[PDB]
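Q: Output the structure for:
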Amino acid sequence: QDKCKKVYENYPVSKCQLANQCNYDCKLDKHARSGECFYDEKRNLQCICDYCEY
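A: Numbers count the residues shown, from 1 in each chain. I have put the structure below:
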């Protein structure tokens, strides 16, 4: 019921067109629960690592 998402303060912005690369990554690269490549009304994706996942 609180903050559980955090951008991977280290990752090459690329390879990201399926809930896997960033996903599986966070799911292990940062002992996370799940992740994904989220944009930002600018056209730039980022490896967002979710630990709680709603």
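Q: Next up, the contacts around residue 19.
A: If you count contacts by CB atoms under 8 Å, 6 or more residues apart in numbering, residue 19 has them with residue 36. In this view, the C-beta of every residue, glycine as well, is placed from N, C-alpha and C.
Q: again, only this time at 10 Å
A: Taking CB atoms under 10 Å, 6 or more residues apart in numbering as the contact definition, residue 19 lies against 34-37.
Q: Which helix or strand contains it?
A: Per DSSP states H and E: residue 19 is located in neither a helix nor a strand.
Q: swap in residue 53?
A: Applying DSSP H and E, one finds residue 53 in no helix or strand.
Q: For it, list the residues it contacts.
A: Contacts of residue 53 (CB under 10 Å, 6+ apart): 4-5, 26-27, 32-36.
Q: neighbour-wise, which of the residues you listed leads?
A: Greatest neighbour count in these, by other CB atoms under 10 Å, goes to residue 35: 29 neighbours.
Q: who touches that residue in this structure?
A: 5-8, 19-29, 46-51, 53.
Q: quick one: secondary structure of it?
A: strand (DSSP: H, G, I helix; E, B strand; the rest coil).
Q: Residue 40 is in contact with residue 13, isn't it?
A: No: look at residue 40 against residue 13 with CB atoms under 10 Å: they stay out of range, at 11.4 Å.
Q: Overlap in contacts, those two.
A: What both residue 40 and residue 13 touch, as defined by CB under 10 Å, 6+ apart, is the set residue 46.
Q: returning to that earlier point: buried only: go through the contacts of residue 35 for me.
A: 5, 8, 21-23, 25-27, 46-50 (16 or more other CB atoms under 10 Å).
Q: farthest pair in these?
A: 5 and 21 (17.0 Å; CB to CB).
Q: can you give me the helices for the chain?
A: 21-29 (DSSP state H).
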